[PDB]
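Enquirer: Starting off with a structure, shown below.
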Amino acid sequence: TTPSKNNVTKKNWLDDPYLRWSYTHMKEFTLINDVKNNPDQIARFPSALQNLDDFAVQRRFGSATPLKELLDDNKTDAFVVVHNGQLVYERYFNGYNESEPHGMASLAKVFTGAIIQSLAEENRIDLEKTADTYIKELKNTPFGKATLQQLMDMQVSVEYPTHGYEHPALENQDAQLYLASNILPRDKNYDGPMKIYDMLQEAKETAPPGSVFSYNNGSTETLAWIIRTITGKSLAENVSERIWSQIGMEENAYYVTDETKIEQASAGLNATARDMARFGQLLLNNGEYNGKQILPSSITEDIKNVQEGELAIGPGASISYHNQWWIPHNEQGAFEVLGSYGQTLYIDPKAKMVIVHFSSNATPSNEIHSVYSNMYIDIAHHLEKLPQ
């Protein structure tokens with residue numbers, strides 16, 4: 001089957017092979033709000049190209065496989081490597097157009113996080129206040145009772161009804177956001193959320209806020225609701241004014257929305273790979289672009305100061321999470337954001353490297369995430385001209 005607009009449906013868009021189309025053409029399938037660049041202030045990426053096609057990736061010790069073929073075998077669509085602020089390697093696969101925005105799943109979350117941090121530092125919000133301080137509609141509900149900081153750190157434990165929907169490759173927290181946004185099928189008896197905020201109102205608390213890490217789209221969606229309420233502007237307009245128009249982006253981005261034109265803050269941003277790399281470089285540079293503080297320097301500072309055992313993702317976990325970012329505690333001090341179907345923004349401050357990885361891998365193997373995580377370290381050490 002060759003996927004196309006004529007055969008991709010609300011039922012199947014997340015499944016192979018349909019996903020290879022849907023995640024490269026989301027705006028042809030859904031409602032969107034544009035995130036504008038500045039067309040008069042694009043900044044071409046300086047380059048220092050190295051062909052990594054035959055770079056030996058260790059699937060495991062003693063089993064190497066060449067990089068370009070490994071990427072393709074795992075349904076990668078785009079792969080961009082930036083080193084010391086220069087483009088080193090980019091590859092686009094499966095007919096995917098480098099200049100067309102791609103789905104990025106949870107990579108969106110870091111944009112909401114960044115704007116929350118900016119607003120907090122502008123003294124417009126207080127991260128230690130409860131969400132229902134700002135969203136009166138959420139008063140005394142589980143997302144309402146959480147502090148902004150708890151939301152930022154994914155420490156709000158919530159379950160939603162299923163409304164009878166289940167898909168074998170989808171967590172309920174994702175299914176519900178998509179049902180809320182009208183991009184999964186609502187059956188004859190559907191009694192579930194009709195817009196994103198409805199989902200938040202259905203939240204049932206399963207542990208006290210702050211008590212443990214629990215990854216939930218709803219936390220980011222709540223934070224985005226705060227952005228909109230405080231600023232009186234859409235999330236798309238906020239991201240455009242604060243970020244997308246400010247760092248030489250080549251193309252517009254866009255957010256998938258619900259039927260009320262509320263953006264999926266947690267999962268709906270679509271952008272080009274080089275543009276995501278520009279944002280990566282911004283964070284590598286602690287929020288500075290051509291001498292201007294675009295985003296708070298605290299974002300990266302605070303992340304880099306998270307020690308093993310602080311903000312852990314579970315008891316004894318070596319991985320931490322802070323302000324919408326994962327902190328693996330790898331040998332590079334890297335930090336990253338991940339998204340379903342093989343998306344990654346990965347920042348390595350030791351090697352001064354950014355990797356953007358976009359995919360449309362409907363059901364990734366259990367091994368590929370660790371293969372990639374280790375491959376990023378090996379790429380960095382290669383670019384740094386280290387013996388290993």
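Here's how to read the names in the structure tokens: chain A, B, ... by the order shown, residue numbers from 1 in each chain, ligand numbers from 1 in the order shown.
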Name all residues at most 10 Å from residue 209 of chain A (count only C-alpha atoms; drop same-chain ones fewer than 6 positions away) and give them as a list in words.
Expert: residues 142, 143, 145, 146, 147, 150, 151, 154, 155, 156, 157 and 158 of chain A
Enquirer: As a ChimeraX atom specification, which residues of segment 107-247 of chain A does DSSP assign to strand (DSSP E)?
Expert: /A:157-159,204-207
Enquirer: Hey, can you spit out that residue selection with C-alpha atoms as a short mmCIF file (atom, residue, chain, number, x, y, z; two decimals), in the first residue's frame?
Expert:
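That gives us selection_8.cif:
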```cif
data_model
loop_
_atom_site.label_atom_id
_atom_site.label_comp_id
_atom_site.auth_asym_id
_atom_site.auth_seq_id
_atom_site.Cartn_x
_atom_site.Cartn_y
_atom_site.Cartn_z
CA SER A 157 -0.33 11.69 38.41
CA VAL A 158 -3.54 11.48 36.45
CA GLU A 159 -5.65 8.91 34.61
CA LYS A 204 -8.63 11.71 37.94
CA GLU A 205 -5.76 12.03 40.43
CA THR A 206 -3.88 8.79 41.15
CA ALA A 207 -1.10 10.17 43.36
#
```
Enquirer: Report as a PyMOL selection string all protein, DNA and RNA residues lying within 8 Å of segment 98-101 of chain A, evaluated on only C-alpha atoms, omitting residues in the same chain fewer than 4 positions from it.
Expert: chain A and resi 24-25+78+92+251-254+270-273
Enquirer: DSSP says alpha helix (DSSP H) for which residues of segment 62-275 of chain A? Put them as a PyMOL selection string?
Expert: chain A and resi 67-73+109-121+142-145+148-152+172-180+196-201+217-231+235-239+273-275
Enquirer: Could you take the residues named above and write them with C-alpha atoms, as a PDB file, in the first residue's frame?
Expert:
```
ATOM      1  CA  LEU A  67      24.599   4.726   9.720  1.00  0.00           C
ATOM      2  CA  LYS A  68      22.549   5.741   6.635  1.00  0.00           C
ATOM      3  CA  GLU A  69      21.173   2.238   6.101  1.00  0.00           C
ATOM      4  CA  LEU A  70      20.379   1.868   9.825  1.00  0.00           C
ATOM      5  CA  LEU A  71      18.443   5.150   9.780  1.00  0.00           C
ATOM      6  CA  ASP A  72      16.445   4.097   6.711  1.00  0.00           C
ATOM      7  CA  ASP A  73      15.803   0.579   8.118  1.00  0.00           C
ATOM      8  CA  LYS A 109       6.728  20.135  24.960  1.00  0.00           C
ATOM      9  CA  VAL A 110      10.010  22.050  25.247  1.00  0.00           C
ATOM     10  CA  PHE A 111       8.410  25.089  23.520  1.00  0.00           C
ATOM     11  CA  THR A 112       5.676  25.285  26.126  1.00  0.00           C
ATOM     12  CA  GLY A 113       8.323  24.816  28.830  1.00  0.00           C
ATOM     13  CA  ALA A 114      10.523  27.583  27.403  1.00  0.00           C
ATOM     14  CA  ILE A 115       7.635  30.086  27.284  1.00  0.00           C
ATOM     15  CA  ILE A 116       6.561  29.187  30.817  1.00  0.00           C
ATOM     16  CA  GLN A 117      10.114  29.876  32.035  1.00  0.00           C
ATOM     17  CA  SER A 118      10.162  33.208  30.127  1.00  0.00           C
ATOM     18  CA  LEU A 119       6.843  34.302  31.648  1.00  0.00           C
ATOM     19  CA  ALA A 120       7.966  33.301  35.139  1.00  0.00           C
ATOM     20  CA  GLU A 121      11.168  35.338  34.768  1.00  0.00           C
ATOM     21  CA  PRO A 142      -6.115  17.432  39.607  1.00  0.00           C
ATOM     22  CA  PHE A 143      -4.260  19.612  37.037  1.00  0.00           C
ATOM     23  CA  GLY A 144      -5.597  22.671  38.834  1.00  0.00           C
ATOM     24  CA  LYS A 145      -4.146  21.720  42.189  1.00  0.00           C
ATOM     25  CA  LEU A 148       3.313  25.099  37.666  1.00  0.00           C
ATOM     26  CA  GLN A 149       6.679  23.623  38.680  1.00  0.00           C
ATOM     27  CA  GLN A 150       5.023  20.206  39.296  1.00  0.00           C
ATOM     28  CA  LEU A 151       3.525  20.387  35.809  1.00  0.00           C
ATOM     29  CA  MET A 152       6.898  21.434  34.321  1.00  0.00           C
ATOM     30  CA  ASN A 172      -4.424   6.260  26.849  1.00  0.00           C
ATOM     31  CA  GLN A 173      -2.965   9.722  27.564  1.00  0.00           C
ATOM     32  CA  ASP A 174      -2.174   9.980  23.856  1.00  0.00           C
ATOM     33  CA  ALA A 175      -5.479   8.356  22.646  1.00  0.00           C
ATOM     34  CA  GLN A 176      -7.453  10.850  24.750  1.00  0.00           C
ATOM     35  CA  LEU A 177      -5.617  13.881  23.393  1.00  0.00           C
ATOM     36  CA  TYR A 178      -6.214  12.703  19.872  1.00  0.00           C
ATOM     37  CA  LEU A 179      -9.926  11.882  20.552  1.00  0.00           C
ATOM     38  CA  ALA A 180     -10.235  15.348  22.177  1.00  0.00           C
ATOM     39  CA  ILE A 196      -8.538  19.451  24.645  1.00  0.00           C
ATOM     40  CA  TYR A 197      -9.696  21.284  27.745  1.00  0.00           C
ATOM     41  CA  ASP A 198     -12.514  18.736  28.213  1.00  0.00           C
ATOM     42  CA  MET A 199      -9.836  16.080  28.640  1.00  0.00           C
ATOM     43  CA  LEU A 200      -8.185  18.089  31.395  1.00  0.00           C
ATOM     44  CA  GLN A 201     -11.549  18.305  33.175  1.00  0.00           C
ATOM     45  CA  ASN A 217       0.464  15.214  27.925  1.00  0.00           C
ATOM     46  CA  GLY A 218      -2.146  16.902  30.086  1.00  0.00           C
ATOM     47  CA  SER A 219       0.492  18.609  32.177  1.00  0.00           C
ATOM     48  CA  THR A 220       1.901  20.411  29.127  1.00  0.00           C
ATOM     49  CA  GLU A 221      -1.650  21.171  27.884  1.00  0.00           C
ATOM     50  CA  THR A 222      -2.392  22.829  31.233  1.00  0.00           C
ATOM     51  CA  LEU A 223       0.764  24.933  31.022  1.00  0.00           C
ATOM     52  CA  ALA A 224      -0.221  25.996  27.482  1.00  0.00           C
ATOM     53  CA  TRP A 225      -3.668  27.034  28.754  1.00  0.00           C
ATOM     54  CA  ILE A 226      -1.878  29.251  31.243  1.00  0.00           C
ATOM     55  CA  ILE A 227       0.224  30.781  28.436  1.00  0.00           C
ATOM     56  CA  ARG A 228      -2.913  31.594  26.436  1.00  0.00           C
ATOM     57  CA  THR A 229      -4.778  33.010  29.395  1.00  0.00           C
ATOM     58  CA  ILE A 230      -1.881  35.180  30.651  1.00  0.00           C
ATOM     59  CA  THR A 231      -0.848  36.540  27.246  1.00  0.00           C
ATOM     60  CA  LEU A 235       0.192  29.202  21.673  1.00  0.00           C
ATOM     61  CA  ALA A 236       1.134  29.413  17.968  1.00  0.00           C
ATOM     62  CA  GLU A 237       1.406  33.219  18.182  1.00  0.00           C
ATOM     63  CA  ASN A 238       3.484  32.984  21.348  1.00  0.00           C
ATOM     64  CA  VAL A 239       5.869  30.498  19.811  1.00  0.00           C
ATOM     65  CA  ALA A 273      14.634  19.465  10.702  1.00  0.00           C
ATOM     66  CA  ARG A 274      17.064  22.316  10.120  1.00  0.00           C
ATOM     67  CA  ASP A 275      14.704  24.671  11.909  1.00  0.00           C
TER      68      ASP A 275
END
```
Enquirer: Distance atom CA of residue 106 of chain A-atom CA of residue 65 of chain A, one decimal place?
Expert: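 Going from atom CA of residue 106 of chain A over to atom CA of residue 65 of chain A covers 28.3 Å.
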Enquirer: My list of candidates is A:293, A:30, A:359, A:76. Which is closest to residue 261 of chain A when distances are computed with only C-alpha atoms?
Expert: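 Result for the nearest residue to residue 261 of chain A: A:30.
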Enquirer: Compare A:367, A:331, A:28, A:15 by their minimum atom-to-atom distance to residue 348 of chain A, counting only C-alpha atoms, and give me the closest one.
Expert: A:331
Enquirer: Would you work out the distance separating atom CA of residue 257 of chain A from atom CA of residue 347 of chain A, expressed in Å to one decimal?
Expert: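 Answer for the atom CA of residue 257 of chain A to atom CA of residue 347 of chain A separation: 28.0 Å.
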Enquirer: Please provide the set of residues having any atom within 12 Å of residue 357 of chain A, restricted to only C-alpha atoms, with same-chain residues fewer than 3 positions apart removed, written as a PyMOL selection string.
Expert: chain A and resi 71-72+74-82+89-93+102-105+107+271-277+280+336-347+354+360-361+369+372-373+376
Enquirer: Report, in Å to a single decimal, how far apart atom CA of residue 245 of chain A and atom CA of residue 135 of chain A are.
Expert: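 If I compute the distance from atom CA of residue 135 of chain A to atom CA of residue 245 of chain A, I get 28.0 Å.
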Enquirer: Would you list the contacts of segment 164-167 of chain A as a list in words, taking every protein, DNA or RNA residue within 10 Å and counting only C-alpha atoms, but skipping same-chain residues closer than 6 positions in sequence?
Expert: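 Once the nearby chain positions are removed, what remains is residues 11, 14, 175, 176, 179, 184, 185, 186, 187, 189, 190, 191 and 192 of chain A.
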Enquirer: Can you write just those residues out, N, CA and C atoms, as a tab-separated table (two decimals), in the first residue's frame?
Expert:
```
chain	number	residue	atom	x	y	z
A	11	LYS	N	-8.76	6.44	11.41
A	11	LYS	CA	-8.57	5.13	12.02
A	11	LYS	C	-7.12	4.68	11.93
A	14	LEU	N	-1.91	6.52	12.26
A	14	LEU	CA	-0.82	6.20	13.17
A	14	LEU	C	-0.15	4.87	12.89
A	175	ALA	N	-4.18	8.65	23.25
A	175	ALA	CA	-5.48	8.36	22.65
A	175	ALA	C	-6.46	9.47	23.01
A	176	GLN	N	-6.49	9.83	24.28
A	176	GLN	CA	-7.45	10.85	24.75
A	176	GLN	C	-7.20	12.22	24.15
A	179	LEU	N	-8.47	11.89	20.57
A	179	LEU	CA	-9.93	11.88	20.55
A	179	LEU	C	-10.46	13.29	20.86
A	184	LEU	N	-8.82	10.99	16.12
A	184	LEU	CA	-9.14	9.54	16.13
A	184	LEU	C	-10.66	9.41	16.03
A	185	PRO	N	-11.14	8.22	15.64
A	185	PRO	CA	-12.58	8.09	15.36
A	185	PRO	C	-13.42	8.15	16.63
A	186	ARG	N	-14.48	8.95	16.60
A	186	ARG	CA	-15.40	8.99	17.73
A	186	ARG	C	-16.59	8.13	17.33
A	187	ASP	N	-16.78	7.03	18.05
A	187	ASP	CA	-17.80	6.06	17.64
A	187	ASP	C	-19.20	6.55	17.95
A	189	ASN	N	-21.26	5.82	20.19
A	189	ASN	CA	-21.60	6.03	21.59
A	189	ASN	C	-20.64	6.97	22.29
A	190	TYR	N	-19.81	7.68	21.53
A	190	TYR	CA	-18.73	8.48	22.12
A	190	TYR	C	-19.27	9.49	23.10
A	191	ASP	N	-18.74	9.43	24.30
A	191	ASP	CA	-19.08	10.33	25.39
A	191	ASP	C	-17.81	10.94	25.99
A	192	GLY	N	-16.77	11.05	25.18
A	192	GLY	CA	-15.51	11.53	25.65
A	192	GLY	C	-15.30	13.01	25.38
```
Enquirer: Might you pull out every residue within 12 Å of residue 12 of chain A, with only C-alpha atoms counted and same-chain residues fewer than 6 positions away left off, and present them as an MDAnalysis selection string?
Expert: chainID A and resid 3:6 18:22 29 167 169 183:185 362
Enquirer: Name the closest residue to residue 332 of chain A among the candidates A:286, A:318, A:374, A:84; distances are taken between atoms, counting only C-alpha atoms.
Expert: A:374
